[PDB]
Every structure is written in C-alpha cells, then in structure tokens.
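Residue-level structure breakdown
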Amino acid sequence: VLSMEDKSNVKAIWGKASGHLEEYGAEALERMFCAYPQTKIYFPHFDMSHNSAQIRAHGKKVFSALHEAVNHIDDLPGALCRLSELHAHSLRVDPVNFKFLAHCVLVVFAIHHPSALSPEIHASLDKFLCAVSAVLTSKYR
Amino acid sequence: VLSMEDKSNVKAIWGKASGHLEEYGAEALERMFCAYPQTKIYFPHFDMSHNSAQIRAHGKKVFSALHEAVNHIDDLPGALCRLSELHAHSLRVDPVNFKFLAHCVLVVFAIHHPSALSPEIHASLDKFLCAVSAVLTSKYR
Amino acid sequence: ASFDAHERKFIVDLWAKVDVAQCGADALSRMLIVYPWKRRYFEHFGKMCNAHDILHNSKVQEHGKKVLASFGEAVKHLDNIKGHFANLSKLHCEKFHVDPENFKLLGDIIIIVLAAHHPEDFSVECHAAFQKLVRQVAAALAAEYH
Amino acid sequence: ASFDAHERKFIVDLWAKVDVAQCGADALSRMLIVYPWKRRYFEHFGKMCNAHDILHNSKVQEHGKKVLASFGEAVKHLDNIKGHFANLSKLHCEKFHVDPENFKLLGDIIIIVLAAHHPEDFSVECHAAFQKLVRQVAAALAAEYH
Ligand code: HEM
Ligand code: HEM
Ligand code: HEM
Ligand code: HEM
C-alpha cells in the first residue's frame, strides 16, 4: 500500500520527467535491451539501434502510461486495466521482466535527477513501480 | 485478482480441511521447518519435536487465520490487517518465507485430498495463497 | 551439499515406485495451468487457451514424460547433478530462451505431484530429501546461463 | 560468461573513479530504507526505526564502506569471482543467516548509487558491463548455500 507521503514523493519526482517522456522512456528501453538482452525476444520487429524511431515511439508510450498512473495513483487497477490484459493475456510476458524495466526506470531517474532521487524518494518510487508491475501481472489466465 | 470460479474452488477445497485445522496446520509447519530449515530462526523458543504442543498450537492459529481469510475472500486486506502489521512491522519476516509456507500448505492438501486438488483447483488455491502472502508483506516500513 | 545416506535412501526408494510417464504428464500440465505465461515458451505445441485444451494436448503429455525422465537421471548422478545437466542448461538458455526463475516453479509442482501419488511414502523427512533434489536440479539448469 | 575486453575496460576505468567509502555508505543505507525487512539481519547495529535513524547510524555507515570495498575486490578477480567470494558466501549462509535472494537486491542498489555519482560515465554499455558484474557477485555470494 502507498501512503500519503509516498504518493506526494512519487508526484514530486515524476514532475521532473515532465517535458522528457520520450527521451527518458527511450533511455529506459535502451538500458533494458542492453543490460537484460533476454527482453529483446518480445520485440523481434524492432530496430534495436540507438534512438531508433521504434524505440523512441515505444519509450514515449510507456512513460505516457506511467504518467497517467501517477495521476490516478489511488486507483491503479482501473488506470492500467487495458494494459494488464495486453501484457498478461495477449503477450504472456514472463513476470520477471517487469522487475528489469522497473530497475531501468530508477537508473534513468538517478542519472538525470541524482539529488532529487534521495533515499526516501527512491523507496517511494520503487513502491510505485512494484504496484504498477503488480497490476500488469494480475490477469494471467 | 481472484475470479468467481476461483473463489468457489477455494471454498470447496477448504471445506475438506474442516475439522482438521490443528492437524493440517501442524503438518504444514513441520514440513516448512524440515524442508526449509532456514525458517527455524523465526521460532527460537519452539520445541521442534514432532507434534510438540507449541507446533500444534501454532499450526491451529495459522490455519484458523486462513479459514477466516476464505470466509472474507472479497476483502483480504481487511481480514488480515492485524497479521500484516505483526509479520511485516513487528517480526520483519523476509518475504521469501511466505512462498515456503504457501508451498507446504499445498503439499498438505495434495497428501490428504489428492483427487480434490485437481489442476484447476491447484491453480485457484495457489492464487489464494499468493493473495494472502501479498497482504502479509504489504506493511513493511 | 552432498546427499547423506538417509537422504539417498529416501530418494532412491521412492523414485523406484514412481510412474514417470504419468507423473511427468501431470507435472507439465499443472505448470502450464498454474503459471500461464509459461505457455509462450511452448506455443509450437498448439493452442493452450485453457486447462481443458492443455489436459487434452498430446504434445504436452508426451513432453512431460521426457522432462520427468530427464529429471529422474538426477537420481543416478546425485554426486554430479550440475555436471550432468550442463548441456540441457545451455539448450534452455540459448535455444528455448527460458527465464531461469521458472525452474524453481516446476520443481515445486513435481513435489506436489509426488505427494499426491505417494502419500504414505512422502513423509516429512522424505519431502525434505526431495526438496533438496529439486533445488539442486533447478540450480544445475540455471548454471550455464551467461 | 568471461568478461570481454570492452566490458573489462568499462569496469576498470569506472571503478578507479569511485569513492568507495561514500558509495558504500550510501548503498547500505538505501537497502535498509528501500527493503525494511533487511533490518532484522542487522538488529545488533542499533534501532533502525526510520530513514532518519539509518542515515545517522555510524555502524551502518562504517559497514557499508567494508561491503563496497569487498565488492570492489571483484574488479581485480574478474576471471575468478565465484572462487574469490566462497568464504564470504559461507559466512553469510552459516553465521549471518541471510536469505540469498537479498544479494540481487543490493546489486540493484549499487547500480543506482553508481549511476547517480557518475552520470556521464554510466553509459548504456557501461551499465550493461556493471549489470553483468553485480549478477556474478550476487551468484558467488549465493554459491556456498547448502
Ligand atoms: C512499467 C511497465 C510497462 C508499461 C507501463 C508498459 C506499457 C506499454 C504500453 C503503453 C504499450 C503500448 C500499447 C498500445 O500501443 O496500445 C505496450 C506494449 C508492449 N509492451 Fe509494454 N509496458 C511495460 C512493461 C513491459 C515489459 C516488461 C515488456 C517485455 C519485456 C513489455 C513488452 C511490450 C510489448 C512487446 C508491447 C507490444 C509492442 C508492439 O507491438 O510494438 N512491456 N506496453
Ligand atoms: C499464510 C501465512 C501465514 C499466516 C496466515 C500466519 C499467521 C499467524 C498467526 C495467526 C500468528 C499468531 C498471532 C497471534 O497469536 O496473535 C502468527 C504468528 C507468527 N508467525 Fe505467522 N503466519 C503466516 C506465515 C508466517 C511465516 C512465513 C513466518 C516465518 C517463516 C511466520 C512467523 C510467525 C512468527 C515467528 C510468529 C510469532 C510466534 C510466537 O510468538 O510464538 N508466519 N502467524
Ligand atoms: C526439471 C526441470 C526441467 C527439465 C529436466 C527439462 C528437460 C527438458 C528436456 C529433456 C527437453 C528436451 C530437450 C531436447 O532434446 O530437445 C526440454 C525442452 C524444453 N523445455 Fe525443459 N526442462 C525443465 C524445465 C523447463 C521449464 C521450467 C521450461 C519453461 C517454463 C522449459 C521449457 C522447455 C522448452 C520450451 C523446451 C523445448 C520444447 C520442444 O521444442 O519440444 N523446461 N526440457
Ligand atoms: C554485494 C554483496 C555483499 C557483500 C560483498 C557483502 C560483504 C560483507 C562483508 C565483507 C562482511 C563482513 C564480514 C566479516 O569480516 O565479518 C559482511 C557482513 C554481513 N553482511 Fe554482507 N555483503 C553483501 C550483501 C549482504 C546482504 C544483501 C545482507 C543482508 C540483507 C548482508 C548481511 C550481512 C550481515 C548481517 C553481516 C554481519 C554484520 C556484522 O556483524 O558486522 N550482506 N558482508
């Protein structure tokens, strides 16, 4: 469960990514494909070159979805309902993969906002990304 | 999320344990202490002999709590609120341990009710025990 | 660790009573029903939309026989489990692309299948000897992952 | 796998710029704040009720220095990580009783600490070389668990 303090912490750190959703999202995907190359099997059709149009476009959708989740942090199951059906039922993504992407998102915030991602903010943002991941692996059938 | 079919499956299999809460709970603890000996560090004060009074008494409390969770399967966060504070905040039990006990509960139902624990019932009961475990590791602070 | 003489007796005496074809078919079917993302790795075996499809799929049934026969070779190489499974570790990593956390989940489903088929034999101490075997086989199948 | 020459250059060049005492104190503090159950393993270091207590605990600060200095010996034994860490694996298993899943969580927190302290250096390829190191050290610390 995310507390009131966690919810304010997540909103504050997420506001730093305003204006940067495509850039930060592209970087988070590029770091996941490089550091965890086993995730590339989900994206056989992608050009995996640096700043490819497919990776920038996909990165922007991922971060846009996270941005909507931050705005609806009191009801993540409702905000992420369609995406949970896509990942769990249609794509059958192995749940271990949500941990790899959540880690690459934290690394992107540590690089761009190192002082803003203090130990308490890190704890809140880690709690938020686990909560998102739990909604996205909730519909396997 | 547990479906309507999952909820009926969990109620049906749990009804087999009626009358046996102390026995099945004692067996689930004895199997966790033997198969996963690292869990014994939480219970330094216990007599670890077979059918010890402490293990029978503790087993009965665990299964009684699970029995109440089955009866309140639509609101597990509310039914298990006090127990989540005890395990996460007061005892600081490492979350890996909830998987060991959930596995030992399934083994106890496979031994006593092998035909009742069919593949679809197994899937429902595994989903219920993950849901219980998720409420009990939700309050680490 | 090494298996002691009591753990070995438990494992050898029980394995001799196991119907490997039946238990293997059951175990593979249960893992695809209980952990549905695992169906992606096997999508060449056909459609696996639901438990009914999985229980009636002859390819799933035949593959589960081979997997538990392979697992049962551990019982004859208890001193050398990592070395016996190194090629199969490589094959899972490179050809099948299976995430190594999944090996622990199938080991937990084999314990359940054995418990249900041999309840009088699957004592507290017998279970503990088998929990150590499945933990070592799952580790050996994860070992050539690079 | 073995580290190739490009992975080695990334790891060696970056480690030479790391303030190990500062990074180690930061990493240990963050793991107790982000994963609060880990406080149980250290309950002899004092009360760790909240992040303020943890950030001002001199024992936590000094221990984190030793842990990252120890981790940094991997950089000089890239060919022999499992063998270099076998005693420390035994000590964690038998004396400290630490569950081996926790080693992966501290490796992920070291990546974050390095990323924040060295952002221009922690390129996509540098991160991937360090992700392979922390995965091997975490595996070496889990290896003498029996
Ligand atoms: C924070 C976690 C995640 C979020 C918020 C997220 C979000 C999204 C969104 C918004 C889409 C686009 C859907 C649409 O266009 O309607 C998508 C598609 C997809 N996602 Fe994710 N995702 C996440 C994690 C992952 C992970 C871990 C994987 C696999 C490693 C993955 C694999 C895919 C794939 C393969 C597609 C389809 C892409 C295509 O067809 O071009 N996602 N995701
Ligand atoms: C299904 C999961 C679990 C349930 C439903 C459960 C339930 C309970 C209950 C009902 C109590 C008694 C509280 C009271 O008397 O007010 C208790 C105490 C406790 N539980 Fe659990 N528990 C679970 C899992 C675990 C696990 C995984 C561990 C550690 C490996 C654990 C360690 C303890 C300990 C150490 C106590 C205190 C015992 C004492 O002081 O004698 N529990 N639990
Ligand atoms: C006890 C653990 C395991 C054992 C002993 C085992 C053994 C085997 C064997 C013997 C084969 C046949 C190799 C060949 O000659 O081509 C195989 C294939 C395969 N295994 Fe496993 N396996 C295990 C666990 C798993 C798990 C957990 C997964 C995925 C969730 C998996 C996925 C596969 C796949 C996808 C194939 C290829 C199927 C085919 O093309 O016929 N295995 N395994
Ligand atoms: C990168 C991973 C790790 C390394 C390199 C490492 C290294 C060390 C070292 C060098 C010591 C001192 C040994 C001695 O001379 O007594 C130690 C002690 C200890 N470590 Fe770790 N460690 C790691 C991960 C962890 C994790 C994840 C935990 C628990 C969450 C943990 C818990 C402990 C505990 C409880 C002690 C004893 C503390 C004391 O009594 O001073 N370690 N570790």
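Residues numbered from 1 in each chain as written, not as in the entry; some residues may be left out. Chains lettered and ligands numbered in written order. Heavy atoms only, no water.

Counting secondary structure elements, chain A contains seven helices and zero strands. Along its sequence from the N terminus, chain A presents helices and strands in the succession α-α-α-α-α-α-α. Here the C-alpha radius of gyration of chain A, 15 Å, is about what a compact globule of 141 residues would show, namely 14 Å. Projected onto the principal axes, the alpha-carbon positions of chain A cover approximately 40 × 35 × 20 Å. Looking at chain A as a whole, 50% of its 141 residues qualify as buried. Contacts in chain A between residues at least 24 apart in sequence constitute 76% of all its contacts with a sequence separation of at least 6. Of the roughly 6,300 Å² of accessible surface on chain A, 58% is carried by carbon and sulfur atoms. Charged side chains in chain A number 14 positive and 14 negative. The centres of these two groups are separated by 5 Å. (Helix = DSSP H or I, 4+ residues; strand = E, 2+ residues; numbered from the N terminus. Rg over C-alpha atoms; globule rule 2.2 N^0.38 Å. Buried < 20%, exposed > 50% of the residue type's maximum accessible area, 1.4 Å probe, protein only. Contact = heavy atoms within 4.5 Å. Areas by Shrake-Rupley, 256 points an atom, 1.4 Å probe, with all protein chains shown as cover. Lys, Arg positive; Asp, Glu negative; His and termini not counted. Charge placed at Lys NZ, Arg CZ, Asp CG, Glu CD.)

To continue, consider the overall build of chain C. Per the secondary structure count, chain C includes eight helices and zero strands. When the helices and strands of chain C are listed from N to C terminus, the series reads α-α-α-α-α-α-α-α. A globule of 146 residues ought to have a C-alpha radius of gyration of about 15 Å, and chain C, at 15 Å, matches this closely. Overall, chain C is about 45 × 40 × 20 Å in size when its C-alpha atoms are taken along their principal axes. Burial statistics for chain C: of 146 residues in total, 52% are counted as buried. Across chain C, contacts joining residues at least 24 apart in sequence account for 71% of those joining residues at least 6 apart. Accessible area for chain C stands at about 6,900 Å²; split by element, carbon and sulfur atoms hold 55% of it. Here chain C contributes 18 positively and 18 negatively charged side chains, and the mean placements of these two sets differ by 5 Å.

Attention now goes to the UniProt feature "domain: Globin" in chain C. The sites that UniProt annotates as "domain: Globin" are residues 2-146 of chain C. End C-alpha atoms of residues 2-146 of chain C are separated by 26 Å, and the span's content is 65% helix alongside 0% strand. (UniProt positions renumbered as here; feature names shortened; annotations may be inferred.)

Quick look at the UniProt feature "binding site: heme b" in chain A now. All names here are of chain A. When the UniProt feature table is mapped onto this chain, "binding site: heme b" is found at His87. Structurally, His87 can be placed in helix 5 (residues 81-90). Side-chain polar atoms of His87 contact the backbone oxygen of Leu83, separated by 2.8 Å. (Polar contact = N/O pair within 3.5 Å; in protein donor to acceptor, adjacent residues only side chain to side chain.)

Contact with chain D, which involves 22 residues of that partner, is made by 19 residues of chain A. Across the chain D/chain A interface, buried area totals approximately 1,700 Å², and carbon plus sulfur atoms make up 70% of it. When the buried area of chain D at its contact with chain A is split by residue, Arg30, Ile112 and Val124 of chain D rank highest and sum to 32% of it. Where chain D meets chain A, there are six residue pairs in polar contact. Looking at the side of chain D that touches chain A, the elements that each hand over two or more residues are helix 2 (20-34), helix 3 (51-55), helix 7 (102-117) and helix 8 (124-141) of chain D. Within the side of chain D that touches chain A, the residues separate by chemical class into 14 nonpolar, three polar and five charged. (Buried area = accessible area lost by both parts, 1.4 Å probe. Nonpolar A, V, L, I, M, F, W, Y, C, P; charged D, E, K, R; others polar.)

So, on to the site of ligand 4. All names here are of chain D. Lining the immediate environment of ligand 4, one finds 19 residues, of which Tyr41, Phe42, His44, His92 and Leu141 sit closest. Measuring from a nitrogen atom of ligand 4, one finds a side-chain N or O atom of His92 at 3.1 Å. Elements represented by at least two residues in the shell around ligand 4 include exactly helix 4 (58-71), helix 6 (86-96) and helix 7. Here the residues of the shell around ligand 4 are counted per class, giving 13 nonpolar, five polar and one charged. (Near = heavy atom within 4 Å.)

All names here are of chain C. In total, this model carries 22 salt bridges over all chains according to the counting rule given. Between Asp79 and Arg8 there is a salt bridge, and its shortest N-O distance comes to 2.7 Å. Of this pair, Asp79 sits in the loop between helix 4 (58-71) and helix 5 (81-84) while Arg8 sits in helix 1 (residues 5-15), placing them 71 residues apart in sequence. With relative accessibility at 63%, the residue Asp79 sits in the exposed group. Take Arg8: its relative accessible area is 23%, and that puts it in the partly exposed class. For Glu62, the salt bridge is made with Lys65, and the minimal N-O distance between the two is 2.7 Å. (Salt bridge = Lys/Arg side-chain N within 4 Å of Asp/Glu carboxyl O.)

As a further point, take the site of ligand 2. Residue and element names in this part refer to chain B. Around ligand 2 sit 18 residues, and of these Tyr42, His45, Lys61, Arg82 and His87 come closest. In this structure, a nitrogen atom belonging to ligand 2 sits 2.9 Å away from a side-chain N or O atom of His87. Its residues assigned to classes, the shell around ligand 2 shows 12 nonpolar, four polar and two charged.

Attention shifts here to the nonpolar core. Ranked by internal contacts, the top residues of the largest apolar core, which has 202 residues, are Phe128 of chain A, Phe128 of chain B, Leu133 of chain C together with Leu133 of chain D. Apart from residues no more than four positions distant in its own chain, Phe128 of chain A is found in contact with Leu2, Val10, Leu66, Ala69, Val70, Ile73 and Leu76 of chain A. (Core = buried A, V, L, I, M, F, W, Y, C linked by side-chain atoms within 4.5 Å.)

All names here are of chain C. UniProt tags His63 and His92 as "binding site: heme b". In summary, the annotated positions, though distributed over 30 residues, converge in three dimensions, the widest C-alpha pair being only 14.4 Å. Mapped onto the elements, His63 comes out in helix 4. The residues touching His63, leaving out its near neighbours within four places in the chain, are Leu28, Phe42 and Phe45. With respect to the helices and strands, the residue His92 is situated in helix 6 (residues 86-96). Looking at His92, its side chain comes within polar contact range of the main-chain oxygen of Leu88, at 2.7 Å.

What follows covers unusual backbone geometry. Despite not being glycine, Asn51 of chain A shows a phi value in the positive range, around 55°. Inspection of the secondary structure assignment puts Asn51 of chain A in the loop between helix 2 (21-35) and helix 3 (53-71). Of the residues examined, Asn51 of chain A reaches a relative accessible area of 34% and is grouped as partly exposed. Of note in the backbone geometry, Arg92 of chain B takes a positive phi value of approximately 45° without being a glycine. Within the secondary structure, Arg92 of chain B is located in the loop between helix 5 (81-90) and helix 6 (96-112).

Okay, the interface of chain B and chain C next. Counting residues at the interface gives 19 residues for chain B and 22 residues for chain C. The junction of chain B with chain C conceals about 1,700 Å² of combined surface from both sides, 70% of it contributed by carbon and sulfur atoms. Our enumeration of links across chain B and chain C arrives at zero salt bridges. Inspection of the region where chain B meets chain C yields six residue pairs in polar contact. Within the residue set of the side of chain B that touches chain C, elements represented by two or more residues are helix 2 (21-35), helix 6 and helix 7 (119-136) of chain B. In terms of residues, the side of chain B that touches chain C owes the most to one element, helix 6 of chain B, which gives six residues. In the side of chain B that touches chain C, the residues fall into 12 nonpolar, three polar and four charged.

Before going further, it helps to examine helix 8 (residues 124-141) of chain C. In this model helix 8 of chain C runs 26 Å from its N-terminal to its C-terminal C-alpha over 18 residues, within 8% of the 26 Å that 1.5 Å per residue would give. Of all 18 residues in helix 8 of chain C, 13 are buried; the element is thus mostly enclosed. (Expected span 1.5 Å × (residues − 1).)

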